[PDB]
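First, one chain by itself in C-alpha coordinates, the form deposited in one PDB entry.
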(Lines give C-alpha, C1' and ligand atoms only; values in the text may rest on other atoms or scores of the structure.)
Protein backbone atom coordinates (compact mmCIF):
# COMPACT_ATOMS: atom_id res chain seq x y z
CA UNK A 1 0.00 0.00 0.00
CA UNK A 2 1.57 3.19 -1.16
CA UNK A 3 -0.42 4.96 1.58
CA UNK A 4 0.99 2.74 4.29
CA UNK A 5 4.54 3.54 3.18
CA UNK A 6 3.76 7.29 3.02
CA UNK A 7 2.65 6.87 6.63
CA UNK A 8 5.76 4.94 7.66
CA UNK A 9 7.89 7.71 6.16
CA UNK A 10 6.00 10.47 7.91
CA UNK A 11 7.14 8.89 11.21
CA UNK A 12 10.80 9.48 10.37
CA UNK A 13 10.86 12.81 8.51
CA UNK A 14 10.94 16.46 9.55
CA UNK A 15 7.35 17.87 9.66
CA UNK A 16 6.24 20.38 7.07
CA UNK A 17 6.81 21.59 3.55
CA UNK A 18 10.11 23.15 2.33
CA UNK A 19 8.27 24.95 -0.48
CA UNK A 20 7.36 27.31 2.32
CA UNK A 21 10.95 28.74 2.52
CA UNK A 22 12.32 27.79 -0.98
CA UNK A 23 11.96 29.49 -4.34
CA UNK A 24 12.76 28.84 -8.01
CA UNK A 25 13.28 25.07 -8.24
CA UNK A 26 15.41 24.15 -11.28
CA UNK A 27 16.18 20.53 -12.33
CA UNK A 28 19.94 19.87 -12.46
CA UNK A 29 20.10 16.02 -12.69
CA UNK A 30 18.55 12.52 -12.34
CA UNK A 31 19.57 9.35 -10.58
CA UNK A 32 17.87 5.95 -10.34
CA UNK A 33 16.00 6.83 -7.09
CA UNK A 34 14.83 10.32 -8.30
CA UNK A 35 15.82 13.78 -9.69
CA UNK A 36 17.81 16.75 -8.22
CA UNK A 37 16.50 20.38 -8.36
CA UNK A 38 18.22 23.40 -6.99
CA UNK A 39 16.20 26.00 -5.06
CA UNK A 40 16.94 29.33 -3.40
CA UNK A 41 16.30 29.93 0.27
CA UNK A 42 13.82 32.82 0.08
CA UNK A 43 15.08 34.99 3.00
CA UNK A 44 18.86 34.59 2.58
CA UNK A 45 19.54 33.84 -1.10
CA UNK A 46 21.72 30.76 -0.32
CA UNK A 47 21.27 27.83 -2.67
CA UNK A 48 20.35 24.29 -1.70
CA UNK A 49 19.69 21.12 -3.66
CA UNK A 50 16.57 19.01 -3.11
CA UNK A 51 16.53 15.34 -3.94
CA UNK A 52 13.10 14.19 -5.04
CA UNK A 53 12.28 10.51 -4.89
CA UNK A 54 8.80 9.32 -5.88
CA UNK A 55 7.67 6.55 -3.50
CA UNK A 56 5.99 4.70 -6.39
CA UNK A 57 9.01 4.40 -8.68
CA UNK A 58 11.59 2.51 -6.59
CA UNK A 59 13.12 -0.97 -7.14
CA UNK A 60 12.85 -1.54 -3.37
CA UNK A 61 11.23 1.38 -1.65
CA UNK A 62 12.42 0.31 1.85
CA UNK A 63 15.91 1.55 0.85
CA UNK A 64 14.48 5.14 1.00
CA UNK A 65 15.02 4.82 4.75
CA UNK A 66 18.76 4.92 4.06
CA UNK A 67 18.56 8.64 3.31
CA UNK A 68 17.43 9.33 6.89
CA UNK A 69 19.72 6.80 8.66
CA UNK A 70 22.68 8.60 7.00
CA UNK A 71 21.30 12.09 7.62
CA UNK A 72 20.74 11.28 11.32
CA UNK A 73 23.88 9.39 12.18
CA UNK A 74 26.82 9.43 9.68
CA UNK A 75 27.51 13.07 8.83
CA UNK A 76 31.23 13.85 8.18
CA UNK A 77 33.35 16.42 6.24
CA UNK A 78 33.89 14.11 3.21
CA UNK A 79 30.15 13.36 3.07
CA UNK A 80 27.47 15.64 1.57
CA UNK A 81 25.64 17.59 4.33
CA UNK A 82 21.97 16.67 4.30
CA UNK A 83 19.91 19.24 6.22
CA UNK A 84 16.29 18.09 6.44
CA UNK A 85 13.90 15.52 4.98
CA UNK A 86 10.19 15.82 4.22
CA UNK A 87 7.28 13.88 2.83
CA UNK A 88 5.73 16.09 0.19
CA UNK A 89 2.71 14.74 -1.61
CA UNK A 90 3.76 11.29 -2.87
CA UNK A 91 7.50 12.08 -2.85
CA UNK A 92 10.34 12.07 -0.34
CA UNK A 93 12.37 15.33 -0.45
CA UNK A 94 15.85 15.65 0.94
CA UNK A 95 17.17 19.15 1.26
CA UNK A 96 20.92 19.16 1.17
CA UNK A 97 24.00 21.15 0.38
CA UNK A 98 24.49 22.18 -3.25
CA UNK A 99 27.86 20.83 -4.42
CA UNK A 100 28.38 23.41 -7.09
CA UNK A 101 31.50 21.96 -8.79
CA UNK A 102 29.11 19.22 -9.86
CA UNK A 103 29.64 15.48 -10.44
CA UNK A 104 32.96 13.78 -11.31
CA UNK A 105 31.20 11.98 -14.23
CA UNK A 106 31.24 15.27 -16.13
CA UNK A 107 34.97 15.59 -15.58
CA UNK A 108 35.89 12.09 -16.71
CA UNK A 109 33.70 12.21 -19.80
CA UNK A 110 35.24 15.38 -21.25
CA UNK A 111 38.70 15.70 -19.63
CA UNK A 112 42.05 13.85 -19.09
CA UNK A 113 42.81 13.79 -15.36
CA UNK A 114 46.47 13.72 -14.25
CA UNK A 115 47.80 11.73 -11.31
CA UNK A 116 47.98 14.53 -8.75
CA UNK A 117 44.21 15.11 -9.41
CA UNK A 118 43.39 11.37 -9.48
CA UNK A 119 45.22 10.93 -6.23
CA UNK A 120 43.31 13.72 -4.45
CA UNK A 121 40.01 12.12 -5.47
CA UNK A 122 41.09 8.71 -4.26
CA UNK A 123 42.42 10.14 -0.94
CA UNK A 124 39.17 11.88 -0.11
CA UNK A 125 36.93 8.95 -1.00
CA UNK A 126 39.16 6.74 1.14
CA UNK A 127 39.03 9.18 4.08
CA UNK A 128 35.18 8.83 3.89
CA UNK A 129 35.17 5.08 3.34
CA UNK A 130 37.51 4.14 6.18
CA UNK A 131 35.40 6.14 8.55
CA UNK A 132 32.13 4.62 7.34
CA UNK A 133 33.49 1.06 7.01
CA UNK A 134 34.75 1.24 10.67
CA UNK A 135 31.05 1.80 11.57
CA UNK A 136 29.98 -1.15 9.33
CA UNK A 137 28.39 1.03 6.64
CA UNK A 138 28.83 -0.10 3.03
CA UNK A 139 27.96 2.37 0.30
CA UNK A 140 27.41 -0.18 -2.52
CA UNK A 141 27.18 2.29 -5.47
CA UNK A 142 30.62 3.90 -5.71
CA UNK A 143 31.12 5.56 -9.10
CA UNK A 144 31.95 8.93 -10.67
CA UNK A 145 28.25 9.83 -10.55
CA UNK A 146 28.37 9.37 -6.73
CA UNK A 147 31.26 11.83 -6.18
CA UNK A 148 30.44 15.54 -5.89
CA UNK A 149 32.72 18.59 -5.88
CA UNK A 150 32.42 22.03 -4.31
CA UNK A 151 33.33 25.17 -6.22
CA UNK A 152 36.72 25.19 -4.39
CA UNK A 153 37.33 21.59 -5.37
CA UNK A 154 36.63 19.51 -2.25
CA UNK A 155 35.39 15.93 -2.78
CA UNK A 156 32.36 14.51 -1.01
CA UNK A 157 30.48 11.21 -1.35
CA UNK A 158 26.80 11.15 -2.31
CA UNK A 159 23.98 8.75 -3.33
CA UNK A 160 23.68 6.67 -0.15
CA UNK A 161 20.38 5.26 -1.35
CA UNK A 162 21.66 1.69 -1.65
CA UNK A 163 23.91 1.51 1.37
CA UNK A 164 23.58 -1.21 4.04
CA UNK A 165 25.04 -1.90 7.45
CA UNK A 166 27.02 -4.88 8.80
CA UNK A 167 28.06 -5.84 12.38
CA UNK A 168 28.79 -8.84 14.64
CA UNK A 169 25.00 -9.71 14.55
CA UNK A 170 24.79 -9.30 10.72
CA UNK A 171 28.41 -9.66 9.53
CA UNK A 172 27.91 -9.83 5.71
CA UNK A 173 25.28 -8.63 3.22
CA UNK A 174 23.68 -10.79 0.47
CA UNK A 175 21.75 -8.35 -1.82
CA UNK A 176 22.36 -7.63 -5.51
CA UNK A 177 22.85 -3.92 -5.48
CA UNK A 178 24.60 -1.27 -7.50
CA UNK A 179 25.40 -0.28 -11.07
CA UNK A 180 26.56 -3.37 -13.11
CA UNK A 181 29.89 -2.07 -14.43
CA UNK A 182 31.15 -1.15 -10.93
CA UNK A 183 29.98 -4.33 -9.20
CA UNK A 184 32.57 -6.44 -7.37
CA UNK A 185 32.65 -10.07 -8.64
CA UNK A 186 31.90 -11.67 -5.20
CA UNK A 187 28.67 -9.58 -5.28
CA UNK A 188 27.77 -10.74 -8.84
CA UNK A 189 28.54 -14.38 -7.78
CA UNK A 190 25.99 -13.90 -4.94
CA UNK A 191 28.66 -14.47 -2.29
CA UNK A 192 27.82 -12.78 1.04
CA UNK A 193 30.07 -9.73 1.18
CA UNK A 194 31.43 -6.81 3.16
CA UNK A 195 33.03 -3.38 2.68
CA UNK A 196 35.70 -4.89 0.34
CA UNK A 197 33.06 -4.36 -2.33
CA UNK A 198 33.51 -0.59 -2.20
CA UNK A 199 37.24 -1.00 -2.71
CA UNK A 200 36.70 -2.88 -5.97
CA UNK A 201 34.22 -0.24 -7.24
CA UNK A 202 36.70 2.55 -6.38
CA UNK A 203 39.20 0.71 -8.62
CA UNK A 204 36.66 0.81 -11.41
CA UNK A 205 36.33 4.50 -10.81
CA UNK A 206 40.11 4.85 -11.05
CA UNK A 207 39.83 3.25 -14.50
CA UNK A 208 36.99 5.68 -15.32
CA UNK A 209 39.45 8.54 -14.51
CA UNK A 210 42.26 6.94 -16.54
CA UNK A 211 40.34 5.44 -19.55
CA UNK A 212 37.20 7.68 -19.57
CA UNK A 213 34.80 4.71 -19.17
CA UNK A 214 34.62 1.48 -17.08
CA UNK A 215 35.50 -1.97 -18.45
CA UNK A 216 33.04 -3.65 -20.79
CA UNK A 217 30.88 -0.46 -21.01
CA UNK A 218 29.74 -1.40 -24.56
CA UNK A 219 28.08 -4.68 -23.60
CA UNK A 220 24.49 -4.65 -22.19
CA UNK A 221 24.46 -4.71 -18.33
CA UNK A 222 23.71 -8.48 -17.95
CA UNK A 223 26.41 -9.72 -20.28
CA UNK A 224 29.14 -7.51 -18.71
CA UNK A 225 28.41 -8.88 -15.25
CA UNK A 226 28.85 -12.42 -16.59
CA UNK A 227 32.19 -11.12 -17.94
CA UNK A 228 33.26 -9.59 -14.59
CA UNK A 229 32.43 -12.82 -12.71
CA UNK A 230 34.32 -15.14 -15.10
CA UNK A 231 37.36 -13.26 -16.50
CA UNK A 232 40.35 -11.93 -14.59
CA UNK A 233 40.72 -8.37 -13.19
CA UNK A 234 40.15 -5.91 -16.05
CA UNK A 235 43.12 -4.10 -17.59
CA UNK A 236 43.56 -0.42 -18.32
CA UNK A 237 42.89 0.23 -22.04
CA UNK A 238 45.85 2.63 -21.58
CA UNK A 239 48.34 0.73 -19.37
CA UNK A 240 51.29 2.63 -20.81
CA UNK A 241 50.02 5.96 -19.56
CA UNK A 242 50.19 5.40 -15.83
CA UNK A 243 53.11 5.58 -13.44
CA UNK A 244 54.16 2.23 -11.86
CA UNK A 245 53.22 3.73 -8.47
CA UNK A 246 49.55 4.06 -9.58
CA UNK A 247 49.59 0.61 -11.22
CA UNK A 248 50.88 -0.59 -7.80
CA UNK A 249 47.79 1.10 -6.24
CA UNK A 250 45.17 -0.12 -8.66
CA UNK A 251 46.63 -3.61 -8.21
CA UNK A 252 45.69 -3.47 -4.49
CA UNK A 253 42.06 -2.57 -5.44
CA UNK A 254 41.11 -4.86 -8.33
CA UNK A 255 41.84 -8.17 -6.47
CA UNK A 256 39.09 -10.85 -7.17
CA UNK A 257 39.47 -12.55 -3.79
CA UNK A 258 37.94 -10.13 -1.21
CA UNK A 259 40.21 -11.41 1.58
CA UNK A 260 43.42 -10.30 -0.22
CA UNK A 261 41.97 -6.92 -1.32
CA UNK A 262 43.26 -3.83 0.50
CA UNK A 263 41.20 -1.97 3.12
CA UNK A 264 40.37 1.70 3.10
CA UNK A 265 42.61 2.21 6.13
CA UNK A 266 45.61 0.25 4.64
CA UNK A 267 45.28 2.02 1.29
CA UNK A 268 45.52 5.36 3.10
CA UNK A 269 49.24 4.64 3.72
CA UNK A 270 49.92 3.50 0.11
CA UNK A 271 52.53 5.77 -1.65
CA UNK A 272 50.41 6.73 -4.68
CA UNK A 273 48.42 9.02 -2.35
CA UNK A 274 51.49 11.04 -1.40
CA UNK A 275 51.08 12.64 -4.91
CA UNK A 276 47.57 13.90 -4.00
CA UNK A 277 47.26 17.60 -4.71
CA UNK A 278 45.12 20.06 -2.76
CA UNK A 279 41.44 20.62 -3.64
CA UNK A 280 42.48 23.53 -5.89
CA UNK A 281 44.15 21.12 -8.35
CA UNK A 282 40.68 19.76 -9.32
CA UNK A 283 39.04 23.21 -9.90
CA UNK A 284 40.51 23.56 -13.52
CA UNK A 285 38.75 20.38 -14.66
CA UNK A 286 35.19 21.74 -13.88
CA UNK A 287 33.00 22.82 -16.81
CA UNK A 288 32.95 26.51 -15.64
CA UNK A 289 36.76 26.74 -15.74
CA UNK A 290 37.68 24.08 -18.37
CA UNK A 291 37.14 26.35 -21.38
CA UNK A 292 37.51 29.95 -20.12
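Residue numbers count along the first chain shown, from 1.
Just so it is clear, the following notes concern the form deposited with a partner chain bound, a form of the same protein that is not shown.
Just one of 46, 247, 235, 60 comes within 4.5 Å of the partner chain in the deposited complex, counting any heavy atom, and that one is 60. 179 is the sole member of 158, 117, 179, 201 with a non-hydrogen atom within 4.5 Å of the partner chain in the deposited complex. Only one of 217 to 225, 91 to 99, 148 to 156, 78 to 86 places residue heavy atoms within 4.5 angstroms of the partner chain in the deposited complex, namely 217 to 225. Not displayed here, the partner chain is kept clear of residue 112 by more than 4.5 Å at the level of heavy atoms in the deposited complex. The partner chain in the deposited complex is not approached by residue 40, whose heavy atoms all lie more than 4.5 angstroms from it.
In the deposited complex, the partner chain lies farther than 4.5 Å from every heavy atom of residue 172.
Taking non-hydrogen atoms only, residue 72 never approaches the partner chain to within 4.5 angstroms in the deposited complex. Every residue of the trio 32, 143 and 190 has some heavy atom no more than 4.5 Å from the partner chain in the deposited complex.
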